[PDB]
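J.: Take a look at the following structure, please.
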There are 4 protein chains.
Amino acid sequence: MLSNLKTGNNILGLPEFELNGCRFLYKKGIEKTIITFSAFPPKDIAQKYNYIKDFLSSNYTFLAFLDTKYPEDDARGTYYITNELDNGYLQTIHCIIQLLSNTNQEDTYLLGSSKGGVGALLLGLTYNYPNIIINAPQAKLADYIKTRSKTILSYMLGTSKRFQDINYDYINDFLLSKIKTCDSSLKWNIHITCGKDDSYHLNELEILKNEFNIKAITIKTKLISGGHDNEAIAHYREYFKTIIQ
Amino acid sequence: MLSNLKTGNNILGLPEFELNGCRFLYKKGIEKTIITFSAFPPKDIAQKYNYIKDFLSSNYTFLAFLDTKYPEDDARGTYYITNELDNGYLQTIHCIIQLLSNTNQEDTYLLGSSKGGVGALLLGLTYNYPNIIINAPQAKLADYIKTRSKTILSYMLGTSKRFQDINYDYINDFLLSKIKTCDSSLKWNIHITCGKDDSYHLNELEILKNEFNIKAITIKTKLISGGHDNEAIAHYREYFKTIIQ
Amino acid sequence: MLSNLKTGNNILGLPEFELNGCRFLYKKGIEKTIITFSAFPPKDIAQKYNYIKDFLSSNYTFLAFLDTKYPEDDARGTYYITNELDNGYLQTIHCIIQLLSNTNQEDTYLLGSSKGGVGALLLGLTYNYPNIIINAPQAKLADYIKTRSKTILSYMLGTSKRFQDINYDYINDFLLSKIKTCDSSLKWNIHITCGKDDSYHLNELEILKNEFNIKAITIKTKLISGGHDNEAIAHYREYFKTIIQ
Amino acid sequence: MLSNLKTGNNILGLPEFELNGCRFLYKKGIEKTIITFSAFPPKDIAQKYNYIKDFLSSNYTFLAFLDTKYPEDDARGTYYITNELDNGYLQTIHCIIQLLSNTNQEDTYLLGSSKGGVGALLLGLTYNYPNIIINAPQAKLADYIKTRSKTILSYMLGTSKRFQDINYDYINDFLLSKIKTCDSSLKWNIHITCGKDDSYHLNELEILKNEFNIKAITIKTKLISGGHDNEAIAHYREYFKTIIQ
Ligand SMILES: CC(=O)N[C@@H]1[C@@H](OP(=O)(O)OC[C@H]2O[C@H](OP(=O)(O)OC[C@H]3O[C@H](OP(=O)(O)OC[C@H]4O[C@H](O)[C@@H](NC(C)=O)[C@@H](O)[C@@H]4O)[C@@H](NC(C)=O)[C@@H](O)[C@@H]3O)[C@@H](NC(C)=O)[C@@H](O)[C@@H]2O)O[C@H](CO)[C@@H](O)[C@@H]1O
Ligand SMILES: CC(=O)N[C@@H]1[C@@H](OP(=O)(O)OC[C@H]2O[C@H](OP(=O)(O)OC[C@H]3O[C@H](OP(=O)(O)OC[C@H]4O[C@H](O)[C@@H](NC(C)=O)[C@@H](O)[C@@H]4O)[C@@H](NC(C)=O)[C@@H](O)[C@@H]3O)[C@@H](NC(C)=O)[C@@H](O)[C@@H]2O)O[C@H](CO)[C@@H](O)[C@@H]1O
Ligand SMILES: [Cl-]
Ligand SMILES: [Cl-]
Ligand SMILES: [Cl-]
Ligand SMILES: [Cl-]
């Protein structure tokens, strides 16, 4: 039962649950379901639940998810991809939302920035969540992990030297593949912001945009002030609060 | 949202749900949680939910599960094993139980006969559901599938002629591997009945018994009247009723 | 020191040593160095040193090698290929021979049947041992392991489903690749016998012969009585004793 | 046969051997076994065997090792790491020591300065050689190689531009990983001297000290006169002589 899934941790008065290695916060509300995804924290900093304070007074239904618990020596997550490089973790997140949420899919909103934005896209494109409002997601996943933690990257690549380049390309294109295989008939409502001084993720956004374009998916984009920093996040928070209401 | 997972089918008044290709019935109750697994139906007959009548008049929480929906040519299930020959389907069933059940695992009872009994064992050994009360499960799953449907077996073995032998053995030993890798420290409460005229499955039970013996796990076995038929099912239904009550 | 490498096991009065996971027997003699390789024993039977009784009274220098100690649940060896599918085990065998032998390379003889014959070829072709007198070796290594133990084959293939076919082909061609890359200017002295009723390995010998042929390597072959059994081994023993003397 | 491994080179009367690309000197003695490792020579100067004079008049067993023979453009060694960035070279050195030495590991002493001290640590931590008496080893190996030879570093990083950063970090942490994975239960006897004017390597020792500290292994350190120069080498030579005698 859900009460038995409690980890015994409380974040800002919200109990933490864990199911199949997937840690999450859950608050039952009304009208809408808000889903947030964690980004890469700094090294030796624990993974953080995102945007709790924006919706604690809102009385919306709120679910916040963390990334996986691996690798053990740098436990900042594996981009919501399993040790087997498949959808097993996304599948668990989907089951949690579908059973705990008390609103329709059209009234559910996936939120996240950077790696958290990618997790939102991965879940949304795999399982048909139409409302995705995210900031500065990556396009080439392996290239970015390389710039954040060699420990996590080498972990996902695996031990066998003969498959390192193959696994690199597979991880690098994991999100682009989800775009290539998604349902183009869905009424997608995808919003992507990006700090105007975040040149790296401005280029990543164009890579993502080209994939959506050829799938006949028109997304909304907005340039905000800042780089890949707390200033962009501040304006991204103002953005998703606006369109949600 | 649970109600949005409905398929439109209705079995004895209970609405059918589907999540990630997993079809189930659900009735919320109190005190105990009863889980039932589907067995092979006759060819061209729809997969059936098991033991609805024995618990529909009860006040317990009730979850009934079917097997997978593939292959389309003979959609009688793949022994709760995915297309990829992994735990993805059992993981979905686990999440459904954990989020919809309102009792401890110690107050949860897994029921099933033949393939249904295997599905109960597969789930219970993977995720530590201690109470498993089943009838006449198989030990060599691939050997049995071969007798019931060449179409299903051929689908599970895959297109590559070189890996057909490999996949066959893997499927054949899928349940035995779960026994070898389960948690011996848990206080298992496993009951396995078998018809005294069910010579094939009496030998299958001897194989299962040995694997448990090697793992220093003791189970309860009981011989009942009948073969691999409705006579055994009747006495097994009575047996589980007395253990549960 | 060599005395400290003793495992504390004695085979027919010969002490067993182990260096870097490589178990071997060593007897210091004169004139010639005899090297033997173990074949696949029956299931649940320990790996056996080969042809001890042929050379115990000979006073030649004698070294007998076993295969690796993996997988742990079917420890009959991995065709002298490491867990990483590379030459690390062959490398250890080479170091042992080069340092413990007291005769030239031209006075060293590699012996073995079936998998033992393949180990002799793998070592001989990698490190330029000219004298190789073997019986009924395999050509397609993975095809043959499949027919002997699914446990060992699945072990060498690895866990990642996406690389099973790639690793299958890599193991299957491991010996053929060694032939393709060997030194064709060496004065090779390769003798391969095969039981005349061993149709399977008669075809394997032709596959090997074609690879040698295009490398301009002429080998000697002899048909002996028997299949892949103790009768062929008996005549193979008579064969290598003859040409050695 | 050992004598057939000779290269034709002769260093101070001792004949040079080579096995699997590993060049070594060997003098059989009694009571103790001394192992020395080569450090970086000047550009276009041949790799040199270390501490021959200190032990050539001694009655101990003596083994002196050089680094690898690649890259051909600047063949000053790759820090005892193979082309494949694995333990293959250290494995060869281990086999040479184990089969040619006539003493226990407790009576074996690993000596070396700078890169030679790293090679001693790499071997001793991988294969449990407890007595390691070295001077001024590096901690971040790739950082140091970069200062000594761009040609060697570029060779070790590989042709693929995408894996150059990855391989750099892997090489950089190769020694630290050996510390993290070594056997803490062994009675290590590690002595590390460093010149008081060798500010770069005093900081490198602080990094090494911390890794040992975390692994609950205590080592002996001593400050000697000089920098990273022949003055330190002189006092370190005296130091090891007193510990050994
Ligand atoms: C940029 C880079 O490549 N750096 C690497 C370095 O990576 P590192 O992991 O060691 O550290 C990265 C980076 O962290 C520090 O800078 P920031 O704090 O600006 O970025 C951290 C992190 O912020 C977001 O994730 P988050 O931590 O979960 O924060 C979410 C928000 O939610 C909180 O609750 C809020 N707090 C409130 C309301 O009170 C907010 O403050 C939070 O922002 C993500 N950013 C975005 C835009 O989404 C995430 O992407 C981001 O990484 C800083 N480190 C310090 C001060 O210690 C900085 O120096 C550091 O670079 O390691 C690699 C090694 O490979 C290097 O190559 C490179 O330096
Ligand atoms: C053929 C096949 O595909 N069988 C598989 C089965 O494999 P399995 O591993 O379970 O058993 C194989 C096979 O074993 C028994 O038949 P054999 O004894 O004729 O073959 C065994 C074995 O002999 C040689 O290796 P060795 O054991 O190391 O013997 C070397 C010699 O040295 C000894 O010292 C001598 N003894 C003296 C002097 O006193 C000799 O006796 C020894 O021969 C190898 N053979 C050759 C030609 O080189 C090796 O290749 C060979 O395998 C028998 N098993 C019994 C009686 O229990 C037989 O039934 C069995 O088939 O498992 C797979 C599952 O995937 C099946 O598909 C298939 O049945
Ligand atoms: Cl991030
Ligand atoms: Cl059935
Ligand atoms: Cl064999
Ligand atoms: Cl140096």
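Chain lettering (A, B, ...) mirrors the order of the structure tokens, residue numbering begins at 1 for each chain separately, and ligand numbering begins at 1 in order of display.
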Show me, as a ChimeraX atom specification, the residues that have an atom within 12 Å of segment 216-231 of chain A when counting only C-alpha atoms, minus same-chain residues fewer than 2 positions from it.
T.: /A:39,113-115,125,130-138,179-180,182-202,205-206,208-214,233-240,243
J.: Restrict the selected residues to C-alpha atoms and save them as an mmCIF file, in the first residue's frame.
T.:
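Ended up saving to selection_15.cif:
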data_model
loop_
_atom_site.group_PDB
_atom_site.id
_atom_site.type_symbol
_atom_site.label_atom_id
_atom_site.label_comp_id
_atom_site.auth_asym_id
_atom_site.auth_seq_id
_atom_site.Cartn_x
_atom_site.Cartn_y
_atom_site.Cartn_z
ATOM 1 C CA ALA A 39 17.929 17.916 -12.736
ATOM 2 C CA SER A 113 14.719 22.166 -16.490
ATOM 3 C CA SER A 114 17.899 20.780 -18.119
ATOM 4 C CA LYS A 115 17.993 17.027 -17.311
ATOM 5 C CA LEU A 125 6.674 11.411 -25.792
ATOM 6 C CA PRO A 130 0.393 16.412 -24.180
ATOM 7 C CA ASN A 131 1.357 19.287 -21.816
ATOM 8 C CA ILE A 132 5.150 19.645 -21.499
ATOM 9 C CA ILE A 133 6.545 23.024 -20.309
ATOM 10 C CA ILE A 134 10.289 22.783 -19.766
ATOM 11 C CA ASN A 135 13.470 24.851 -19.840
ATOM 12 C CA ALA A 136 16.790 24.304 -21.652
ATOM 13 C CA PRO A 137 16.705 20.534 -22.301
ATOM 14 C CA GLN A 138 19.637 18.775 -23.916
ATOM 15 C CA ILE A 179 10.754 12.170 -31.018
ATOM 16 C CA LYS A 180 11.162 10.133 -34.217
ATOM 17 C CA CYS A 182 6.139 9.542 -31.150
ATOM 18 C CA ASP A 183 2.486 9.977 -32.127
ATOM 19 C CA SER A 184 2.302 12.955 -34.471
ATOM 20 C CA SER A 185 -1.517 12.916 -34.393
ATOM 21 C CA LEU A 186 -1.621 13.870 -30.699
ATOM 22 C CA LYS A 187 -2.559 17.478 -29.886
ATOM 23 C CA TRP A 188 0.853 18.209 -28.391
ATOM 24 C CA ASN A 189 1.193 21.285 -26.150
ATOM 25 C CA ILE A 190 4.983 21.527 -25.777
ATOM 26 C CA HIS A 191 6.574 24.741 -24.467
ATOM 27 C CA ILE A 192 10.361 25.087 -24.274
ATOM 28 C CA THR A 193 12.042 28.145 -22.752
ATOM 29 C CA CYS A 194 15.769 28.801 -22.800
ATOM 30 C CA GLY A 195 17.955 31.497 -21.294
ATOM 31 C CA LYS A 196 19.048 33.910 -24.013
ATOM 32 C CA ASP A 197 22.700 33.661 -22.881
ATOM 33 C CA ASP A 198 22.554 29.822 -22.842
ATOM 34 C CA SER A 199 24.159 29.412 -26.253
ATOM 35 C CA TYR A 200 24.825 25.701 -25.732
ATOM 36 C CA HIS A 201 21.207 24.787 -25.061
ATOM 37 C CA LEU A 202 20.040 27.295 -27.671
ATOM 38 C CA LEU A 205 16.850 23.457 -28.817
ATOM 39 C CA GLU A 206 17.323 23.851 -32.573
ATOM 40 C CA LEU A 208 15.188 19.215 -30.966
ATOM 41 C CA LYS A 209 13.133 21.638 -33.074
ATOM 42 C CA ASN A 210 14.313 20.024 -36.305
ATOM 43 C CA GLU A 211 13.172 16.592 -35.093
ATOM 44 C CA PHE A 212 9.748 17.891 -34.074
ATOM 45 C CA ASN A 213 9.490 19.786 -37.369
ATOM 46 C CA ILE A 214 9.840 16.702 -39.550
ATOM 47 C CA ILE A 233 15.016 29.151 -13.819
ATOM 48 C CA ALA A 234 13.374 32.140 -12.109
ATOM 49 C CA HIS A 235 11.832 33.322 -15.383
ATOM 50 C CA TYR A 236 10.960 29.760 -16.349
ATOM 51 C CA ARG A 237 9.010 29.472 -13.074
ATOM 52 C CA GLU A 238 7.141 32.652 -13.988
ATOM 53 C CA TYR A 239 6.458 31.159 -17.419
ATOM 54 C CA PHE A 240 4.928 27.852 -16.361
ATOM 55 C CA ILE A 243 0.358 29.275 -18.849
#
J.: Mind listing the strand (DSSP E) residues of segment 86-126 of chain C, per DSSP on the backbone, as a list in words?
T.: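 Going through segment 86-126 of chain C, the strand (DSSP E) residues come out as residues 108, 109, 110, 111, 112 and 113 of chain C.
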J.: Would you export the selected residues with C-alpha atoms as a CSV table (one decimal), in the first residue's frame, please?
T.:
chain,number,residue,atom,x,y,z
C,108,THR,CA,57.7,-27.8,-27.9
C,109,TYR,CA,54.5,-29.6,-28.8
C,110,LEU,CA,50.9,-28.4,-28.2
C,111,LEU,CA,48.3,-31.3,-27.7
C,112,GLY,CA,44.6,-31.4,-27.2
C,113,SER,CA,41.3,-32.7,-28.5
J.: If the cut-off is 12 Å, can you tell me the residues of chain B near chain C, counting only C-alpha atoms? I'd like them as an mmCIF file with N, CA, C and O atoms, in the first residue's frame.
T.:
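In the end it all went to iface-v4.cif:
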data_model
loop_
_atom_site.group_PDB
_atom_site.id
_atom_site.type_symbol
_atom_site.label_atom_id
_atom_site.label_comp_id
_atom_site.auth_asym_id
_atom_site.auth_seq_id
_atom_site.Cartn_x
_atom_site.Cartn_y
_atom_site.Cartn_z
ATOM 1 N N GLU B 84 10.422 -8.894 -24.730
ATOM 2 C CA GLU B 84 11.863 -8.864 -24.539
ATOM 3 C C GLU B 84 12.339 -9.932 -23.570
ATOM 4 O O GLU B 84 13.520 -9.924 -23.200
ATOM 5 N N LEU B 85 11.451 -10.843 -23.163
ATOM 6 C CA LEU B 85 11.785 -11.932 -22.249
ATOM 7 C C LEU B 85 12.345 -11.386 -20.937
ATOM 8 O O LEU B 85 13.348 -11.880 -20.418
ATOM 9 N N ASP B 86 11.696 -10.347 -20.406
ATOM 10 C CA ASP B 86 12.137 -9.745 -19.151
ATOM 11 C C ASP B 86 10.963 -9.506 -18.206
ATOM 12 O O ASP B 86 9.840 -9.962 -18.464
ATOM 13 N N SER B 160 15.079 -15.019 -35.234
ATOM 14 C CA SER B 160 16.438 -15.470 -35.516
ATOM 15 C C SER B 160 16.564 -16.962 -35.223
ATOM 16 O O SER B 160 16.410 -17.388 -34.073
ATOM 17 N N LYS B 161 16.868 -17.752 -36.260
ATOM 18 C CA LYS B 161 16.955 -19.201 -36.090
ATOM 19 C C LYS B 161 18.069 -19.592 -35.130
ATOM 20 O O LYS B 161 17.977 -20.626 -34.457
ATOM 21 N N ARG B 162 19.123 -18.778 -35.041
ATOM 22 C CA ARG B 162 20.239 -19.124 -34.169
ATOM 23 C C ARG B 162 19.880 -18.982 -32.691
ATOM 24 O O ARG B 162 20.380 -19.751 -31.866
ATOM 25 N N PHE B 163 19.008 -18.042 -32.334
ATOM 26 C CA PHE B 163 18.671 -17.820 -30.934
ATOM 27 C C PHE B 163 17.407 -18.551 -30.498
ATOM 28 O O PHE B 163 17.001 -18.409 -29.344
ATOM 29 N N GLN B 164 16.788 -19.341 -31.380
ATOM 30 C CA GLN B 164 15.557 -20.036 -31.002
ATOM 31 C C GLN B 164 15.820 -21.067 -29.909
ATOM 32 O O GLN B 164 15.109 -21.110 -28.899
ATOM 33 N N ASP B 165 16.861 -21.885 -30.082
ATOM 34 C CA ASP B 165 17.260 -22.826 -29.042
ATOM 35 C C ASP B 165 17.624 -22.109 -27.752
ATOM 36 O O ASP B 165 17.267 -22.565 -26.660
ATOM 37 N N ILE B 166 18.349 -20.992 -27.860
ATOM 38 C CA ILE B 166 18.774 -20.254 -26.673
ATOM 39 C C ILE B 166 17.567 -19.702 -25.928
ATOM 40 O O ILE B 166 17.449 -19.849 -24.706
ATOM 41 N N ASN B 167 16.650 -19.055 -26.655
ATOM 42 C CA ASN B 167 15.471 -18.474 -26.018
ATOM 43 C C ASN B 167 14.584 -19.559 -25.415
ATOM 44 O O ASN B 167 13.981 -19.360 -24.352
ATOM 45 N N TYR B 168 14.493 -20.714 -26.081
ATOM 46 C CA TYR B 168 13.692 -21.816 -25.554
ATOM 47 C C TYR B 168 14.167 -22.224 -24.167
ATOM 48 O O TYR B 168 13.368 -22.344 -23.231
ATOM 49 N N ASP B 169 15.471 -22.460 -24.027
ATOM 50 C CA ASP B 169 16.011 -22.846 -22.731
ATOM 51 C C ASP B 169 15.803 -21.738 -21.705
ATOM 52 O O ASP B 169 15.424 -22.013 -20.560
ATOM 53 N N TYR B 170 16.017 -20.480 -22.105
ATOM 54 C CA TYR B 170 15.826 -19.356 -21.190
ATOM 55 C C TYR B 170 14.404 -19.320 -20.645
ATOM 56 O O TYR B 170 14.195 -19.196 -19.433
ATOM 57 N N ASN B 172 12.322 -21.849 -20.645
ATOM 58 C CA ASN B 172 12.104 -23.094 -19.907
ATOM 59 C C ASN B 172 12.521 -22.961 -18.445
ATOM 60 O O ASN B 172 11.855 -23.501 -17.551
ATOM 61 N N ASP B 173 13.612 -22.242 -18.182
ATOM 62 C CA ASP B 173 14.173 -22.103 -16.844
ATOM 63 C C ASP B 173 13.822 -20.779 -16.173
ATOM 64 O O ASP B 173 14.421 -20.447 -15.144
ATOM 65 N N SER B 177 14.862 -19.971 -12.272
ATOM 66 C CA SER B 177 15.832 -18.929 -11.950
ATOM 67 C C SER B 177 15.302 -18.020 -10.852
ATOM 68 O O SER B 177 16.054 -17.608 -9.960
ATOM 69 N N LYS B 180 16.001 -19.633 -7.645
ATOM 70 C CA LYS B 180 17.414 -19.603 -7.289
ATOM 71 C C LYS B 180 17.857 -18.220 -6.830
ATOM 72 O O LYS B 180 18.831 -18.103 -6.080
#
J.: Pick out the residues sitting within 7 Å of residue 107 of chain B, and hand them over as an NGL selection string; count only C-alpha atoms, and ignore anything fewer than 4 positions along from it in its own chain.
T.: :B and (32-33 or 103)
J.: Using C-alpha atoms, can you write the selected residues to a file as a PDB file, in the first residue's frame?
T.:
ATOM      1  CA  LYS B  32      -7.204  -8.581   2.959  1.00  0.00           C
ATOM      2  CA  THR B  33      -6.059  -8.186  -0.649  1.00  0.00           C
ATOM      3  CA  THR B 103      -3.158  -3.772   3.048  1.00  0.00           C
TER       4      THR B 103
END
